[PDB]
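Chains as they are written, first to last, in the numbering used here: chain A, 1 to 474; chain B, 475 to 1197.
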Amino acid sequence: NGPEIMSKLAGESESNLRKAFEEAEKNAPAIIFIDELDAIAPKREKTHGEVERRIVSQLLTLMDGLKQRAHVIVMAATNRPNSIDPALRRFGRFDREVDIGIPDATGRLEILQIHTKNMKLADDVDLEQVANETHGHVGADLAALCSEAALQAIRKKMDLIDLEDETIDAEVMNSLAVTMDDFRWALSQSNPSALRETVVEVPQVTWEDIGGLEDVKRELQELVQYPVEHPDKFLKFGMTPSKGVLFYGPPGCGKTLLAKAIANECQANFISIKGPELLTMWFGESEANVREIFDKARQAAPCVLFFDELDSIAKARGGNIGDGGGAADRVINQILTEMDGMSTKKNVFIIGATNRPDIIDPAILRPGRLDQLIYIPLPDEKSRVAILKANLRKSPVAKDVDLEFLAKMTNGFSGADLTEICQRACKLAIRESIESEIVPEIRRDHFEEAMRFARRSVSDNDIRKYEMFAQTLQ
Amino acid sequence: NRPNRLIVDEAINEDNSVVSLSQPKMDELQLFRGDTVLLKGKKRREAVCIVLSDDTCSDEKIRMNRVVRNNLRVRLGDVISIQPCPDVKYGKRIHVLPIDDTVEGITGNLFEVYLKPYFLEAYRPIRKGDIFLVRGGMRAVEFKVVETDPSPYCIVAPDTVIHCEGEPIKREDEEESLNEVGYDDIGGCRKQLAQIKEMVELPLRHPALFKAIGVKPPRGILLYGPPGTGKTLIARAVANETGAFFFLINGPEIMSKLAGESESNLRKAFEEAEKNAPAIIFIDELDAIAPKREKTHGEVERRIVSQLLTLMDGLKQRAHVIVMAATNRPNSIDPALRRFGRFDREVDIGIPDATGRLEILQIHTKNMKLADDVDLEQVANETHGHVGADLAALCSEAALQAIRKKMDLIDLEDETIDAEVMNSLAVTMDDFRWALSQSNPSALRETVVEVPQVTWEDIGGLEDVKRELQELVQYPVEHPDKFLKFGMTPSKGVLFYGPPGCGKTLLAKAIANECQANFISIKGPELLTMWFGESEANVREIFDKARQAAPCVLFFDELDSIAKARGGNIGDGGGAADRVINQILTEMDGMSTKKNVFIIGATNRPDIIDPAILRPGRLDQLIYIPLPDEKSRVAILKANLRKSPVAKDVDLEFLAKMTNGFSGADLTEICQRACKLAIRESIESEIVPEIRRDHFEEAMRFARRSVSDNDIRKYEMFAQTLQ
Ligand SMILES: CC(C)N1CCN(CCNC2CCN(c3cccc(-c4cc5cc(F)ccc5[nH]4)c3)CC2)CC1
Ligand SMILES: CC(C)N1CCN(CCNC2CCN(c3cccc(-c4cc5cc(F)ccc5[nH]4)c3)CC2)CC1
Ligand SMILES: Nc1ncnc2c1ncn2[C@@H]1O[C@H](COP(=O)(O)OP(=O)(O)O)[C@@H](O)[C@H]1O
Ligand SMILES: Nc1ncnc2c1ncn2[C@@H]1O[C@H](COP(=O)(O)OP(=O)(O)O)[C@@H](O)[C@H]1O
Ligand SMILES: Nc1ncnc2c1ncn2[C@@H]1O[C@H](COP(=O)(O)OP(=O)(O)O)[C@@H](O)[C@H]1O
């Protein structure tokens, strides 16, 4: 127990930890499991105090002192790997590490199944709906979400009776059945927790969710899949594949979905670093956090590490006349440092995306970095029909509305501008449904009323800037 | 299934022996009311009380108070067999003795100081063998009834003789004293306390059930709030009303002890409280015992914290011990104390609010024998920043005034001053105002989280926009079944944009008031303080505070205030981003979905707003609050003037159309310019205080129009682009 050995007095604190490995010697094979290792060995060479110097040293001797008679495996848990003393990772101490990390949506279903298998659920709730609402919860939050929903129904039914003896009957508690109202109430009181932590997950968006962009879809699979699946071929010509890709184009044309969909296809982890996150390192002038983003990526491998909005810092300074400074700055510099320092291509693929390729530091684009520039342009009405169909595949749709016409009528829209319309009309349908009972379906006239507000984000002069940047790139 | 039909409940309406009982069935027991009725206690005890009707009582349960409850030895949530029988028989001269340690309150006549007003016109049925409470003269005491001539019970009238004794006797210790604090002695009507009820109901009122069924009851609970906000009340009054044994780990008491016997004293604390079950251990100043942030000067404190962590995890699932712990801020205590199984749930007690502060002022002055004039609601308004302890001090300080004034002029005293000689003292508004003058609050600095008092009426005009807010705010929570159908997620945000003074802040408060949601206003000087101090890490706690206050409306005033601080014409060379608005973006995207928290931004300058604010998943709905027209100007004028009384001759329809381009705030200037002059008249006339048509004419001489007409175009222009 991380703090149990701490609760003991000076000088008998070591006695209690050392006998721990001596006992577990005699039992073999055995796992010793130190939890809150950062309680017993949290020193970073910073180290207030006295006693703690000696608790850590004894542990180091103990972890090295494993005498190759018996088998003792020492598993140790901690919240962040930077927390524990650096001497604990040397060869023979804690050599392997595992990142357990936050569960993911279709991971959280199973935890909700294991904590409610005795509960005698209602039919309606399938737990998959709650699994979605739950992002930021961890297995302990979820075991608490269930126990809190189980304590609701006891409060409600049952004890109205008050009938009890030394043990309540097994069957008198059978009629209690946990309900969606109970769970929603429970979701309301969870208090998660882990919301702040970065998300590393196989993304749920697929190729279907992307209208258009067929060729670019092939080219990603080329860059991502062939070097790992056919390394025998790349070795033949001595050629090393590119680690990077830079997407460039107008806003809303599907650069982020295109990144997630190739990670989803490879069932790789996806890590999205968003422009506000690169801006927070820049305003806080802490770019030393770029390393752990990468370290996190290395641990999550195979992953696709995606940088949203990679010009966000160049805009923060400028982007017309800018600072007097050149294109370099502190955060994008560390991304360069940490790309070159990668241990070759090992399950980690980098994708940058930008609206403004003008203001991108041209050192980003160099060989061995994000070499492949792909231009994601505005859709045409073939890809607009596909984008419309791809958005509308979820919310049910009444057949009379015509999806081929809405396309060609919106001449210059980005993919996101078509989401505005689809969302403008689905809003009105909910607007009808709730006002009709105080027939909830989507109609051809809603996409007409939605269309009254239809706006085109990306002006036509800049399409030229993209094409111009693109028309230069040959 | 032929069930009796009685449940026991707290009773908010204030009564000595009166009961509410549900209208949805009055025919099952069928009591017309005012009819003497049985109440079945435990152990062989019974009670008699009078019944009244409440629209807002439940069909489920029964409002009754703490004197009836203690007699029966019933508790909250309990059920007592009940039966109507209408009959009652009169009685004589009921006989009375002091009960328990309490006494010496009354000198000489003790039924003049106590009895006469309460048995007067009441017909309070009074039992052999019960205790009841009479309030007055800055003290409370209880008179047992040992001997009553008729039995089992007697209704009382003032045709009977008056017998006196007045000599104390020890009350049985098994009894639960009525001075020990309970739900009613906790004021504020926060309703948050109801949340602690739901947590501690089953574990400590129903111990044997948790050995029958696998579930996890919460081991720890954190109360947090600034000092004096009643955190020790809540624990005392949960433990008192549930019968659990209250323990007390004095935050600095374990600290005052020496090294190595400091742990011995805390560890035996949980070992004792093991043997008593169910029990609440209440650690106050947890940040004294476990304030380490991994920063930690010293030695001993490392080991006090570790022992506590082991103790909090070491709860062995035999017995029930709940560990409640209070602290001033949740960031103060060690982060390992919140892991699963330690302190899992937290509660923010927080500062009371205006109509919350009334109840605290009622609970601390119910013995004081107040004057008529002061209703306490006026002082309740002046009091913002005070906490329950400030308010208990505001009352004790106003009670010590009147003693200083009247009374001791006499100097007449013996070993105990007579109970009646202190009756003539009556606390007065001058006493309270003097008291308000010397309070010294305290908590003024703390952010305010309150259901705002402004309503829809307070807003002239803006009818459509009023509907559209209810659409955005209310429909996703009330009809989630509908939004799920289309897979659509509602917007979390709204950005109000328009000229200054057109009612953007009132419009935000009024929708939070309607939902009776908490309202948190972050004002431009507060975003500027994070920016000059280049600490935007405080954006997280604003949001954390919002999450804890949920459902709330989190409103950002003046959200372009930082863009102005740099510029707003040519600005800095930098683009629209900066450190504080960046964290607001980070913390909006990081929200755990839409969970009772709605964000509203408001700006005068949409030009200089960082366009990343306006993106999907952020503050997507832009609503344009424009200048009023004379229909909405008539409504704004009427809405402002609904408070200050107005003499009918002044014409409110004309003042409107004459002021052609005014913002809503510019009309407040005029209304305030004229109300000033009326006070100017009133005070100069006695050295006829009413408001006149000519004042709004003299007010109008100064009438100024803030928002120039060229910029209305900028708003319309920004607006005319937005389609
Ligand atoms: C037929 C099927 C049933 N079999 C099982 C499923 N596999 C799918 C094969 N998917 C592979 C493995 C995961 N991928 C992946 C994930 C994450 C990153 C990378 C990656 C990093 C990287 C770095 C470079 F420098 C160059 C290329 C890179 N690719 C690859 C590549 C495709 C099929 C057989
Ligand atoms: C008939 C009446 C007697 N019944 C009792 C009173 N309720 C009033 C219903 N009020 C609801 C609940 C509180 N509201 C509230 C308060 C604070 C925030 C939000 C909120 C957050 C949020 C986030 C989003 F992303 C989207 C929408 C959101 N709304 C809602 C919504 C209306 C009626 C029945
Ligand atoms: N090609 C496309 N196929 C399907 N949906 C699209 C496409 N392009 C844009 N969208 C829609 O518009 C929104 C914005 O797209 P996004 O992936 O953020 O592009 P970018 O990252 O370039 O802004 C997405 O949520 C998506 O639903
Ligand atoms: N909300 C409240 N309602 C009624 N009385 C209060 C309230 N808050 C404080 N008081 C009174 O003032 C004192 C508050 O002190 P305390 O209980 O120690 O609060 P805390 O635990 O927050 O320090 C109590 O003795 C109580 O009598
Ligand atoms: N539509 C309105 N209805 C009622 N009062 C208004 C209205 N618009 C402005 N006022 C008055 O003018 C003052 C300024 O309004 P405020 O809510 O601060 O608007 P903003 O936040 O846009 O400046 C308020 O105190 C209010 O009394």
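A virtual CB, placed ideally from N, CA and C, is assigned to each residue, including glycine.
DSSP state of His637(B) mapped onto helix, strand, coil:
coil
Buried/exposed call for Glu229(A), threshold 16 Cβ in 10 Å:
exposed
Is the region 592-601 of chain B in contact with the region 902-912 of chain B, if contact means three or more CB pairs nearer than 8 Å?
no
What are the residues in the region 764-776 of chain B lying within 9 Å of chain A by C-beta distance?
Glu768, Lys769, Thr770, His771, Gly772, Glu773 and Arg776
Report yes or no: do three or more beta-carbon pairs, one from the region 574-586 of chain B and one from the region 886-904 of chain B, lie closer than 8 Å?
yes
Use the C-beta contact count for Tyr564(B): other C-beta atoms within 10 angstroms, 16 or more gives buried, fewer gives exposed.
exposed
Interface flag, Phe413(A) vs chain B, CB-CB below 7 Å:
no
Can you confirm whether the region 102-115 of chain A touches the region 38-47 of chain A when touching is taken to mean that 3 or more C-beta pairs between the two stretches lie within less than 8 Å?
no
Kindly indicate which three-state DSSP category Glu338(A) falls into: helix, strand or coil?
helix
Just to confirm before moving on: does the CB-CB distance between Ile102(A) and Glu197(A) stay below 7 Å?
yes
Apart from the five residues just before and just after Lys67(A), which ones in its own chain have a Cβ nearer than 6 Å to its Cβ?
none
Which parts of the region 557-626 of chain B are runs of the beta strand (DSSP E), unbroken and 3 residues or longer, counting only runs that do not cross its ends?
607-610 and 613-618
Mind checking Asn475(B): buried by the 16 CB within 10 Å criterion, or exposed?
exposed
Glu449(A) - DSSP class collapsed to helix/strand/coil
helix
Do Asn1070(B) and ligand 7 come close, with the Cβ less than 6 Å from some heavy atom?
Ligands in the displayed structure: ligand 1, ligand 2, ligand 3, ligand 4 and ligand 5; ligand 7 is not one of them.
Does the contact criterion of 3 or more C-beta pairs under 8 Å hold for the region 191-208 of chain A versus the region 311-322 of chain A?
no
Please look up how many angstroms separate the CB atoms of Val522(B) and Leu513(B), rounded, as I've assumed it's under 8 Å.
7 Å
DSSP beta-bridge partners of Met75(A)
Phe33(A)
Along chain B, in chain order, which residues have C-beta atoms closer than 7 Å to that of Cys426(A)?
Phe960 and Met962
Between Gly611(B) and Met896(B), is the Cβ-Cβ spacing less than 7 Å?
yes
Pick helix, strand or coil for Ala1076(B), following the three-state DSSP scheme.
strand
Is any heavy atom in ligand 2 found nearer than 6 Å to the beta carbon of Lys1105(B)?
no
Distance between beta carbons of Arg613(B) and residue 492(A), contact taken as under 8 Å
As displayed, chain A neither begins before 1 nor continues past 474, which places residue 492(A) out of reach and without an answer.
Consult DSSP for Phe91(A) and reduce its assignment to one of helix, strand or coil.
coil
Counting pairs of Cβ atoms below 8 Å between the region 432-441 of chain A and the region 408-420 of chain A, do you hit three or more?
no
DSSP state of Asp371(A), grouped into three classes?
coil
DSSP-derived helix/strand/coil call for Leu127(A)
coil
Cα separation between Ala686(B) and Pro752(B)?
16 Å
Min CB distance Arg330(A) to chain B below 7 Å:
no
Please indicate yes or no: does the CB of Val224(A) lie closer than 6 Å to some heavy atom of ligand 1?
yes
How many angstroms separate the CA atom of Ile161(A) from the CA atom of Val482(B)?
13 Å
Using 10 angstroms around the beta-carbon of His771(B), count the other beta-carbons present and answer buried if the total reaches 16, otherwise exposed.
exposed
Counting only beta-carbon separations shorter than 7 Å, does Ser780(B) have a partner in chain A?
yes
Could you name each continuous alpha helix (DSSP H) segment of 4 residues or more that falls completely within the region 372-401 of chain A, going from the start of the chain to the end?
381-392
Is there contact here, the region 236-253 of chain A with the region 451-458 of chain A, by at least three beta-carbon pairs under 8 Å?
yes
Determine whether the beta carbon atoms of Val853(B) and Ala917(B) lie at a separation below 7 Å.
no
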